[PDB]
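In what follows, every heavy atom counts, from backbone to side chain, and hydrogens, waters and symmetry copies are set aside. Letters go in sequence order (proteins before strands), and every chain restarts at 1.
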Protein chains: 4
Amino acid sequence: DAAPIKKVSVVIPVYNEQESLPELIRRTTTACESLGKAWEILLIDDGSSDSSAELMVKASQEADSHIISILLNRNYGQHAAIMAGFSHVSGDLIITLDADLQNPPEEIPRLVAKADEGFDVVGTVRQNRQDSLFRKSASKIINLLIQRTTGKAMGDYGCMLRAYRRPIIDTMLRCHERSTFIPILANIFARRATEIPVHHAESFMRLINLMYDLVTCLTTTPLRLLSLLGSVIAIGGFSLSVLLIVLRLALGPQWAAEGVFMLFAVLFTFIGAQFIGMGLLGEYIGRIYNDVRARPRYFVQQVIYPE
Amino acid sequence: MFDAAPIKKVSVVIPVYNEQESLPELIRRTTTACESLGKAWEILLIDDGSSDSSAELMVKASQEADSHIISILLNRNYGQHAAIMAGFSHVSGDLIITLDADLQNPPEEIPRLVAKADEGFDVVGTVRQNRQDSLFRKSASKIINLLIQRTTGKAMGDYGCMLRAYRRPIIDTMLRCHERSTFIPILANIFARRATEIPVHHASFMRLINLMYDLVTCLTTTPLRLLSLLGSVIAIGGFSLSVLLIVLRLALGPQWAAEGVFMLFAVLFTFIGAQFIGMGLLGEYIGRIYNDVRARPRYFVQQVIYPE
Amino acid sequence: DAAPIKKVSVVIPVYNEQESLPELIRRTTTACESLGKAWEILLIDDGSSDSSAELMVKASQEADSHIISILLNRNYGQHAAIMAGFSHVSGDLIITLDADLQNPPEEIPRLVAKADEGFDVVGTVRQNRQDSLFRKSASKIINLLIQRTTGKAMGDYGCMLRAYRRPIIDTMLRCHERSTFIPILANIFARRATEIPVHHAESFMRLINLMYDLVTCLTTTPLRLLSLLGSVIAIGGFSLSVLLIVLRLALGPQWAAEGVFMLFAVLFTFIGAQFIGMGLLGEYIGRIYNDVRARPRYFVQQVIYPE
Amino acid sequence: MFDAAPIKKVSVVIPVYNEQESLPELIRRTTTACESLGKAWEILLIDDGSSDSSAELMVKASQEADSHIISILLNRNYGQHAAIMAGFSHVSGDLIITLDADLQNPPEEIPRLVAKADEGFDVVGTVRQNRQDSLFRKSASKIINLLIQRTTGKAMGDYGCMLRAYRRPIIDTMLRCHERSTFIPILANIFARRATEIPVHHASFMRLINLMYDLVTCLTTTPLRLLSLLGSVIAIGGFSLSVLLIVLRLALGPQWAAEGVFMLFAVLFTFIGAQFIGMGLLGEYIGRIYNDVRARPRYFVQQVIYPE
């Protein structure tokens, strides 16, 4: 059971897209007109160096237009532009769309219908996605990680053609997390989420940076793993210490030498102590990071009090 | 302080996760025990996003005529702690009993807790007897008991079983704590005036390390303090020895093996001590931050008397 | 310029003082009556095991009495009892007093007069304090640390006979800091603070714990010192590494040996790297700790706009 | 984006701390420069808890007939940054100029900044020419310039002098940042659209380390990331070498010196790598916490156009 959707706000972050902006505006206008609802398109200029801002202003200033141009003084990123657009939306359902026509605007009605069934978040999965197998492995491993963390299974993450209900946008704006990935945050705050299949027209350090960013946004489990591996390495260090100095010194004084072995067996327990301390610091940092975000402890779905 | 309020209603909180195999037997036994109590009772079954037909059984049990069962369905799995907290958020009785859903703790022990809660105890835990296990696990349980005794003061031995009784003020105070992934019995013992235990008869190493890491955050906010002391002596000797071998002895003190090797030893130990002191300072500041962010309530006011 | 003081609330944390409550209540009642203002005494029972709670209740239930008894279900500490009392005060000026008659209640009027001059906080310094010289060393070093940190010079800290204005109490209750020492917090939030001299009737691990607690509450300077000393130790480690293996290897191969010197000069640079990393973590932790507390950046005392 | 607003009022912010020796000359020179500007002007003198008679001089200057001086007195010392922020909280002009109170930067350079701010620059910094110092200090200044160029993008060379010009929107955005003990020019460059510098002619190693530690928090939130990579290689080799010396070679591979010594060597670098990776993970989580707690504004909206 969900409130009926009366207005759709399309948020499009624009950055140096002067050659695609007219076609995007025309296609998005046609798609939104083919809805039978109040609609508006929020174009956000992320400090474009080209004539994108002039085209946005001309589109906004046209006769009987539904386009809102939000100009940022400089470049801030897709996330900051999308949140700036979220801060100015007025519709019941907010659709995030690519500005480079990778995701066709004609898929917009299909999302809206799916949002009418009572889904807070309606993601899209791109069919027949052709790319390197390494990115495919990354896609499946991040899918499994998000499924185990947030519960709601999310497939394609690079496609930001998504639908959110207004309460989800309001919660995300009022949330204590700032740099977190918006689809992940929506899945975290979603009551009911789903996905639909869509058809898409078209380094290595960046991939590792994205992996670290997503793992840190989702869970603190890696901190617990660090603590556990630190405990294990510390136990190994104490075992090597007792084995090397205490036993082999009693067995062979000359064999275990005078210089190198014994006091560095003593060194090995100090590295174990350092690992245990770092694990305790990690535990406390994880608790702090969980508490500051103040994500909901649970969502009750239905309570069935008897007669 | 002013004695204890009489117990009029008992709320049983049972977190359920994929327990369709034993759910009917659990419901029947818990209903029989609560009917034998002789007070108003209710059973809060919480579905923690079960994949099986547990939710359907809970709905059928709640919808049955003249039933005292409340079904709380969660959209997905959040864990036993989150399900128990969700159940706490919906209780209405004076005494709240947490019970296992896998029939490890027999529901027929419920009256014995309630009678103990009638003596004026805020928390009534259970300790399992005839528990056969490794002596190592028993030693671990005993040392955890001793640590919690030293920390919270209240006498509370066994934490393996979650069959426990809390008074409504303790539950209300715990609900005001927005800590995520805490340990419920420790939090109860923090705000409890008089806690006790009763004996019950029930039917790896990485786990112990995980439990120790979980409990250490709940018990104290600054373990690394001790490490700083352990660092300081390693620094002081690491300095006191170092100069003593050269600053006193240049040409008279090459000694039998090597003075340079023992300088490597001493300066390395001094660096180890400095590293320990740094970790202690980091821990101090992190503990302060954690205590401020946790925002746990500082006290529980029992009664305020205003003059006429 | 300050608002006039019309009501005085005395907050007295009580813990196992059943032999002191009658005399303390009588003397505090006489002192508060000798004021010509509305007064009230908040006695807080910190889970006393003796008959203290019964005496507090009898005092509160007497004819035309001004005593409020706040009973805590168990022991929580002097700080928690004082904050519980602060949560229930109603007067303009709040006076914290010892329950064991160490600070005579007859000093209460002298504080109130000093609070009438327009001071937010009026502390007391104990004269002719006879004790071990080591406590004197601790007293002066903590005085200098508090003076350099909070600006307002504060002497005796063990004497909690203090006066606070109601806005200071409200700010302390609404503050984000929880376990901080109350006189230090009052000096931090005070606009104008002062001290008056008073006459008082009468291990080692605890002292170092209190030193660590006060240093951590006041400043993050020790974190910067840790970073600086870590940088210095790291530079020393790199210097020792280059000196011991790189140079002495080329000078004497047999003299500098094979096992113990070379590889472990290589160890020394990793020790320095660990120190630098720990210092950088400390810098970020200090920034977090400063930002979460959200202490005021400045207090403007007077603005003198021209004609 | 839509060109730049005209400049109608200039506010000069001067943090004062025990500067009674040069305060009258500074006031006279700044008044002359601002009168020569040809716009509405005001001088905000901020007394940062001076122990000398600086406050009395500022009060006399503010109380003088037909004076454009605003005296803001602070009860105690809070630092130059807090005094400058307090001055920012009271400005009313379109362009805000921060100026040294010790006459290191001549006030006669004020018009040259304003004219540059008339070309449409949000931030107009100053770089000092004919600056004679150690080549080491010059290299430090240049590498800091390069790091800030790579981080914030805006071209901003010299940060030693605080003689700078900011547009009112930049000051307003900076006031919405509740960060404590940040670096003001870096924060301005973060929100600035077009920043520039002009040349001016002005009249230890622990310091450099302190400045680097101060700037590293403002520039990035996760330096330790790189250390984690440096750890990972030390781990992988620390593993790859270790087994290769024994798991391949038991009796054929004692080798010339010692296989056990090289085992201690290899497992030691394995532990060092693990420690680096742990410090990297701690840094990642601490950086996330710091970024969330800082709550810096994510963007500055320049104009919103609504359709008719």
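Of the listed residues (D:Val13, D:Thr126, D:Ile84), just one forms a side-chain contact (heavy atoms from CB on, under 4.5 Å) with D:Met162, and that residue is D:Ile84. Residue D:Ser11 is tested with D:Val91, D:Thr98, D:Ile97, D:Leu95 for a side-chain contact (heavy atoms from CB on, under 4.5 Å); the sole match is D:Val91.
Side-chain contact annotation: C:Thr150 with C:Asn187, donor-acceptor N/O pair under 3.5 Å absent. Side chains of D:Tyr299 and A:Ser87: a donor-acceptor N/O pair is present below 3.5 angstrom, by distance only. Judged purely by distance below 3.5 Å, without hydrogens or angles, the side chains of D:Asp102 and D:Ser22 never pair a donor atom with an acceptor atom. Inspection of the B:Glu284 and C:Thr216 side chains reveals no N or O donor paired with an N or O acceptor under 3.5 Å.
Taking OG of D:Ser54 as the start and CD of D:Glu21 as the end, the distance is 8.0 Å to the nearest 0.5 Å. Considering CG of D:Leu73 and OG of D:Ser50, their distance stands at 9.5 Å, rounded to 0.5 Å. Of the inter-residue distances, the one linking D:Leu113 atom CG with D:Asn105 atom CG reads 9.5 Å to the nearest 0.5 angstrom. Interatomic distance, CD1 of D:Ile286 versus CD1 of C:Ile288, reported as 6.0 Å (0.5 Å rounding). Annotation: the span from D:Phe88 atom CZ to D:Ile171 atom CD1 amounts to 3.5 Å, rounded to 0.5 Å.
Within a 6.0 Å radius of NZ in D:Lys138, more than 12 heavy atoms belonging to other residues, nucleotides or ligands are found. In D:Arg137, the CZ atom is not crowded: 12 or fewer heavy atoms of neighbouring residues, nucleotides or ligands sit closer than 6.0 Å. Other residues, nucleotides and ligands contribute at most 12 non-hydrogen atoms within 6.0 Å of the CD1 atom of C:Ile141. More than 12 heavy atoms of other residues, nucleotides or ligands shown are found within 6.0 angstrom of CE on D:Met1.
Among all heavy-atom pairs drawn from C:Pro4 and C:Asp92, the shortest one is O-OD2, 4.4 Å. Shortest non-hydrogen contact noted between D:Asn130 and D:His202 is OD1-CE1, 3.5 Å. Listed here is the closest heavy atom pair of D:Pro107 and D:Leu103: CD-CD2, 4.1 Å. The minimum heavy-atom distance between D:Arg112 and D:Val200, with the atom names listed, is NH1-CA, 4.4 Å. Minimum interatomic distance between D:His90 and C:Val303 (heavy atoms only, all atoms of both residues): NE2-CG2, 4.0 Å. Closest of all the heavy-atom pairs between D:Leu208 and D:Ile144 is CD1-CD1, 4.4 Å.
Under a 3.5 Å cut-off, the side chain of D:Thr221 and the backbone N or O of D:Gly287 do not form any donor-acceptor pair. In terms of modelled atom types and a separation under 3.5 Å, the side chain of D:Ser62 and the main chain of C:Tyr305 share no donor-acceptor contact. Counting only distance, with no hydrogens or angles, the side chain of D:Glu197 and the backbone of D:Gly157 share a donor-acceptor pair below 3.5 Å. Under the 3.5 Å distance criterion, the side-chain polar atoms of D:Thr220 are left unmatched by any main-chain donor or acceptor of D:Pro223. The backbone N or O of D:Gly153 lies less than 3.5 Å from a partner atom in the side chain of D:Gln149, making a donor-acceptor pair. No side-chain donor-acceptor contact under 3.5 Å links D:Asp3 to the backbone of D:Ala5. Under a 3.5 Å cut-off, the side chain of D:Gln129 and the backbone N or O of D:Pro199 do not form any donor-acceptor pair. Side chain of D:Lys116 to main chain of D:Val123: no donor-acceptor pair is present (N/O by atom type, distance under 3.5 Å, no hydrogens or angles). Side chain of D:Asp47 to main chain of D:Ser71: no donor-acceptor pair is present (N/O by atom type, distance under 3.5 Å, no hydrogens or angles). A donor-acceptor distance shorter than 3.5 angstrom exists from the side chain of A:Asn73 to the backbone of D:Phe191, with no hydrogens or angles considered.
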*Which is it for D:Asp118 and D:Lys39 under the side-chain contact (heavy atoms from CB on, under 4.5 Å) test, yes or no, and what are the steps along the way?*
CA-CA 12 Å; D:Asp118 269 336; D:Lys39 308 193 175 58; 3.6 Å; yes
*asked:* Checking D:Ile14 against D:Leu44 for the side-chain contact (heavy atoms from CB on, under 4.5 Å) test, could you report, in this order, the C-alpha distance in whole Å, the side-chain angles of both residues, the deciding distance, and whether it holds?
replied: CA-CA 6 Å; D:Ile14 303 174; D:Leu44 279 78; over 6 Å; no
*Run the numbers on C:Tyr284 and D:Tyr290 for ring-ring contact (aromatic ring centres under 6.0 Å, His included), then give the verdict.*
CA-CA 7 Å; C:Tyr284 276 96; D:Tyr290 174 51; 5.6 Å; yes
_Intermediate values then yes/no, side-chain contact (heavy atoms from CB on, under 4.5 Å), D:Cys218 and D:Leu187_ = CA-CA 8 Å; D:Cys218 298; D:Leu187 197 56; over 6 Å; no
*In sequence, state the C-alpha distance, the side-chain angles, and the governing distance for D:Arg180 and C:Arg293, and then conclude on side-chain contact (heavy atoms from CB on, under 4.5 Å).*
CA-CA 10 Å; D:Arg180 275 89 176 92; C:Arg293 295 181 301 173; over 6 Å; no
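Proximity of C:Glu177 to C:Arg295: side-chain heavy atoms (C-beta onward) are separated by under 4.5 Å at one or more points. You'll find the side chain of D:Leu215 stays beyond 4.5 Å of the side chain of D:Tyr159, heavy atoms only. C:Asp213 places a side-chain heavy atom less than 4.5 Å from the side chain of B:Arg288. For the pair D:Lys154 and A:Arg74, the minimum side-chain heavy-atom distance is below 4.5 Å. Using a 4.5 Å heavy-atom cutoff, the side chains of C:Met154 and C:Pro183 are in contact. Within the 4.5 Å cutoff, the side chain of C:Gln301 has no heavy atoms near those of the C:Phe299 side chain. Looking at heavy atoms from C-beta onward, D:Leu175 lies in side-chain contact with D:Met85 at the 4.5 angstrom threshold. Counting heavy atoms from C-beta on, the side chains of D:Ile43 and D:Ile70 never come closer than 4.5 Å.
With respect to D:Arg128 and D:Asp133, no salt bridge is recorded, no charged nitrogen being found less than 4.0 Å from a carboxylate O. The pair D:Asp158-D:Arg131 meets the salt-bridge criterion, with a side-chain N (NZ, NE, NH1 or NH2) lying under 4.0 Å from an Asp/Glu carboxylate O. A salt bridge does not link C:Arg192 with C:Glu117: every distance from a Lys NZ or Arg NE/NH1/NH2 to an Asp or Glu carboxylate oxygen is 4.0 Å or more. With respect to the salt-bridge test (charged N to carboxylate O, under 4.0 angstrom), the residues D:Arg168 and D:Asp172 qualify.
Taking the six-membered ring for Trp and thresholds of 30 and 60 degrees, D:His68 and D:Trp41 have ring planes inclined between 30 and 60 degrees apart.
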